[PDB]
Amino acid sequence: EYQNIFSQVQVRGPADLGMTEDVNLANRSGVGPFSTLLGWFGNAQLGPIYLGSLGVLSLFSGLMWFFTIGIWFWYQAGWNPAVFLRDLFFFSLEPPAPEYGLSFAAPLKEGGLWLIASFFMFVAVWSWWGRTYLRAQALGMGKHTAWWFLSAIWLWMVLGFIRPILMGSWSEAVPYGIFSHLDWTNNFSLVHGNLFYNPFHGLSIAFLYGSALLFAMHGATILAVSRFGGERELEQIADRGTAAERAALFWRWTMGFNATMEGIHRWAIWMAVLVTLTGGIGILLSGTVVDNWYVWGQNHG
Amino acid sequence: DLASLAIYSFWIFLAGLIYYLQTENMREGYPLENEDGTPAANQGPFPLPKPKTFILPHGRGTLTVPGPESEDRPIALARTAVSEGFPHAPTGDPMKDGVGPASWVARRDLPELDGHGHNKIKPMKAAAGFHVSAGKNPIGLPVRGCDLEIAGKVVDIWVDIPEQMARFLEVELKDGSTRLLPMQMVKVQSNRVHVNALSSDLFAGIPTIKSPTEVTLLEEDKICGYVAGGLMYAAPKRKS
Amino acid sequence: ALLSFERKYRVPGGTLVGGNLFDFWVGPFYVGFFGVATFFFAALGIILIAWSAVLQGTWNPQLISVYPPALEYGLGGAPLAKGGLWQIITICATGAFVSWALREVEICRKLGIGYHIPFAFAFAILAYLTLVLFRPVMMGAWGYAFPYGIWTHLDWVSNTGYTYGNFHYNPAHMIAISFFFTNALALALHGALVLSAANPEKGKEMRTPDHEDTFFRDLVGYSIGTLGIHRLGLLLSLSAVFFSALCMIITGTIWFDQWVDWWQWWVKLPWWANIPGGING
Ligand code: BCL
Ligand code: BCL
Ligand code: BCL
Ligand code: BCL
Ligand SMILES: CC[C@H]1c2cc3[nH]c4c(c3C)C(=O)[C@H](C(=O)OC)c4c3nc(cc4[nH]c(cc(n2)[C@@H]1C)c(C(C)=O)c4C)[C@@H](C)[C@@H]3CCC(=O)OC/C=C(\C)CCC[C@H](C)CCC[C@H](C)CCCC(C)C
Ligand SMILES: COC(C)(C)C(=O)C/C=C(\C)CC/C=C(\C)CC/C=C(\C)CCCC/C(C)=C/CCC(C)CC/C=C(\C)CCC=C(C)C
Ligand SMILES: CCCCCCCCCCCC[N+](C)(C)[O-]
Ligand SMILES: CCCCCCCCCCCC[N+](C)(C)[O-]
Ligand SMILES: CCCCCCCCCCCC
Ligand SMILES: [Cl-]
Ligand SMILES: [Fe+3]
């Protein structure tokens, strides 16, 4: 009856300071603390973390983005902490009105702060992307993580940058607020004739559902063969074991085809990549090429 | 219309992607075989991919796939029917012969290495700095099989050093020898370790390892397959 | 018709019903009693859809739609053309899915592996059953279930959501979404990580899991580990569906007003309810 979801007995040894390869060791922190809590489910060890100039840039900008939104919120709360907590999900840092187009001439309280916040976000995200590339390179690894991250950045860029530019104003971009950005999302669909008629929205859902399907399948499969060392996937790729064979045959016998220990991760990365890839396409086409998806669907064109 | 061109182009892309993904996933186990081990007439609609070569660390060589597949071991099973598609019966003791859910693969008879080229799995007593950090420490507990008899006692954890995790319990038997039991196949309780997969009389048959301080990938596969096999093959000995 | 490594696994045993009667394969597919059951249910279901197609008029899969009984039938049976076919097809669908899960259990038993896969599938089945069985029954009518049609089931989704305003404001729905998004993120990162180690820079040796831990520690200050990531993917995916089911079972039953208004409970807490300023003062 043991299912290997939570560990029964945790072991700890000396802190693992990691592989060196071409990493600049001067930019690595010391190891952080060990969490017994985390250790029931994953690794207990926190850190070390690599923090070079590009990482410091990214973190600083991220915090500045976060703090810029926060300061606006406090202002909206009248600097009252009770109102701040009460109305937290209701505050919103909104982009410039359509009148200001794509210019940076809007006042601080009427779009200017939104532009400042967005600049910090832009720098944070893109510097984090370079860092994702560079940490892989220092370890001699492939750039798959950076290539995937680019597909996610695509949707984000379309929503806040590329689409607004193509539509001729920052007013088209997403506001920074919990409820407000949900309101924006709902409105976006209403104004574009219901996104359920956008074929790329449909695809995006297929892949989003499909990612849950696939990770349920894969996660379950690997736990099911963990009694044969199944989760040691790199060595199973290099030297197929009974874990890998039983995993394949479960699926072969169930649905008539199967994967390999390596190839399932290609299915994985692509399922997830295609969520934001098709998504960004669907959003970018909305209002630039297609004003109304229902109308488009009736044609189709 | 640009959206029409986009969606049309996307479906063409998706078909090619699926074709690519399927062929990538034929790098093990293909070409398909008949039950007698000869090549099957029907290989499906996907051709084998062009080979790739993995360069293995620590002078372990390379792996090129797809490549000539062979089991590299005798398989003690025989047909139960005169036509294709039926089960194959063990010709001896399937636990001893390593077939069915007791199967193992002829993996490399060397241990998995960590990134620094040291053995990935070691007994905790030889693993410097390693200790139990939380949960019930199983070392010293009696080990009970599915027949509700004591098969032995826990004398160490085997630990994954890089991933800081318990991987096997080492159990000493009545004769003073020891066996490894996969950590995923035991239940640590306050007063015992219980093993549902095996009855007490089957512990002696757990494949032994050659060295006291390391386990090879071949050894792990034999141990793990054997223990998993008991769920099917020890069922008449499993008290309910 | 076998993988090169498959024969040694094709032994007798593992069946839950029938002994050896259905213990065989067709090509790659394992049969068993529940394979026969799945076939029966799936075939009857598809036949009844194909026939419902005719009573509707069409053979275009983008038009074919089987609607549940109108609300006036309540929880009773309905004539075949006016809901009965939907009811029978729903029984077949449930039978098919459950038989598929139990067949997976037989396959686990023959292979000596854990039952994690059919356990996970059962979450999907329960989500399906929440929408066509549990919710409709709690609301007193089969007509609250979704119709079986490629596009018509999407009509039901927006119709049902907009009954409660912007459905974004369902708090269980918010949690469900957060798990779906995080699951897709984790799936991406896992696939990319393994492939980045297995397929390193040209000419280099395969990396090890130590390199995988190191990459993520360098990047975010933590690595969950190779066991942890598979546990996480399973958790996130199943939690997404659990909260999906929850967000719907409570809608039209416990809560049936505009979801946006639910949130006033927080705003109206006595200690800050009447403090001037902000959005709500
Ligand atoms: C009423 C609203 C409209 C609608 C409007 C839109 C709009 C508008 C969009 C989508 C988009 C999507 N919709 Mg839709 N959507 C509707 C109905 C649905 C239904 C349904 C069952 O009815 C479903 C399943 C979906 C599903 C989807 C997704 C497949 C897709 C987003 C993918 C993704 O990962 O985004 C998440 C990706 C992100 C980059 C954002 C999440 C960020 C990451 C993943 C999480 C980080 C959070 C971090 C931990 C915390 C940060 C701190 C805070 C700042 C405090 N929609 C209805 C019809 N939908 C997007 C799309 O691609 O459309 C084509 C999009 O732009
Ligand atoms: C989950 C919440 C809502 C819902 C909301 C939405 C929304 C919103 C969307 C879909 C979309 C889809 N939904 Mg729906 N859908 C629901 C319930 C279901 C059920 C079910 C039995 O419960 C099924 C079978 C489907 C099936 C489908 C697909 C037609 C399409 C892509 C899904 C996908 O790739 O998933 C992940 C699974 C995989 C990738 C594996 C492949 C699964 C294949 C594609 C299933 C085909 C089903 C087939 C056409 C019909 C049954 C076949 C029988 C033999 C007759 N939905 C419930 C009621 N669904 C999208 C669409 O484009 O619709 C037109 C879309 O935008
Ligand atoms: C994709 C189309 C839309 C969009 C549509 C939606 C929709 C629809 C939803 C979100 C949600 C979220 N979005 Mg959004 N989102 C978009 C773009 C973005 C971008 C971006 C940089 O592009 C960001 C940073 C965000 C940020 C966020 C987060 C604030 C939030 C959940 C994050 C998450 O996955 O946590 C991961 C965390 C977990 C997996 C753990 C679970 C706990 C989390 C924190 C649940 C929080 C919800 C709430 C507070 C719970 C209340 C219940 C009470 C406790 C009783 N959005 C675009 C514009 N987004 C969800 C939300 O909760 O909004 C409030 C939501 O429902
Ligand atoms: C206007 C519409 C409303 C809205 C109204 C609704 C409604 C209404 C519903 C959801 C539901 C969901 N919505 Mg919402 N939703 C909106 C906006 C969004 C947005 C967004 C970005 O704006 C997102 C991300 C979501 C996200 C979600 C998910 C949390 C949830 C769907 C997954 C699910 O139930 O899976 C569960 C999976 C299944 C049901 C699939 C079961 C599969 C079965 C078991 C097997 C099928 C086999 C099949 C027949 C194939 C065989 C043939 C071939 C061999 C393949 N919504 C807007 C605001 N949303 C649904 C939900 O939570 O349902 C519980 C729901 O009913
Ligand atoms: C619980 C987490 C996620 C999950 C997990 C999951 N799904 C799974 C599994 C698991 C672990 C399997 O093992 C199993 C499988 O074999 O996958 C390959 C399965 C499965 N998930 C599937 C689909 C699926 N899963 C989904 C969702 C999810 N599955 C979750 C997000 C979805 C959606 C909409 O999100 C879909 C469409 C199937 C590919 C497969 C199950 C196949 C099966 O049950 O086969 C037997 C039945 C038939 C072959 C045909 C039945 C025909 C009916 C009698 C008639 C049709 C009636 C139907 C209701 C009409 C619907 C019309 C639509 C237009 C709405
Ligand atoms: C506790 O109090 C203090 C003050 C300490 C705080 O720190 C409080 C902080 C908060 C309360 C923070 C609250 C934060 C939120 C609620 C944030 C919400 C964020 C979202 C929901 C964001 C959603 C979507 C955003 C998107 C899609 C943005 C995309 C942006 C871009 C693509 C960037 C575009 C760049 C532009 C327009 C400028 C570019 C100019 C150049 C010159 C490059
Ligand atoms: C990893 C690739 C495999 C997944 C294939 C998904 C196909 C989904 C079909 C949905 C089509 C809906 N659209 C987009 C026509 O509305
Ligand atoms: C969206 C999922 C895509 C399903 C892919 C279907 C292709 C499976 C066919 C593989 C045939 C197996 N053979 C015959 C190669 O062994
Ligand atoms: C998404 C469309 C369903 C695809 C079903 C594929 C079935 C593959 C059977 C393999 C036969 C060997
Ligand atoms: Cl990242
Ligand atoms: Fe994996």
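In order, the residues displayed for chain A correspond to 3-303 in Swiss-Prot numbering, which applies throughout.
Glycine too: its Cβ is placed from the backbone N, Cα and C atoms.
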**Message:** Of the residues A:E235, A:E237, only one is listed by Swiss-Prot in the Fe cation site with A:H220, A:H267. Which is it?
**Reply:** A:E235
**Asked** Using a Cβ-Cβ cut-off under 8 angstroms and a sequence gap of six or more, which residues of the chain neighbour A:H183 ((7R,8Z)-bacteriochlorophyll b binding site)?
**Response** A:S94, A:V176, A:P177
**Request:** Please give the sequence-distant neighbours of the transmembrane segment (A:198-226): residues at least 6 beyond its ends with Cβ less than 8 Å from one of its Cβ atoms.
**Result:** 5-7, 191, 232-233, 235, 249, 252-253, 266, 269-270, 273-274, 276-278, 280-281, 283-284, 287-288, 292, 295-296, 298-299
**Between A:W253 (ubiquinone binding site) and A:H220 (Fe cation binding site), the C-alpha gap once rounded to whole angstrom** = 11
**Prompt:** Near chain C, which of the binding-site residues A:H183, A:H203, A:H220, A:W253 can you find when the cut-off is a Cβ distance under 8 Å?
**Reply:** A:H220
**Fill in**
Neighbour count check, CB within 10 A, over binding-site residues A:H203, A:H220, A:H267; minimum at A:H203
**Message:** Quick check for the class: what is the C-alpha distance, in angstrom and rounded, between A:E235 (Fe cation binding site) and A:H203 ((7R,8Z)-bacteriochlorophyll b binding site)?
**Reply:** 34
**Message:** Please list the binding-site residues from A:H183, A:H203, A:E235, A:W253 whose Cβ falls under 6 Å of any atom in ligand 11.
**Reply:** A:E235
**A:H203 ((7R,8Z)-bacteriochlorophyll b binding site) and A:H220 (Fe cation binding site), Cα-Cα, nearest whole angstrom** = 25
**Asked** What is the separation, in Å, between the Cα atoms of A:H267 (Fe cation binding site) and A:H203 ((7R,8Z)-bacteriochlorophyll b binding site)?
**Response** 24
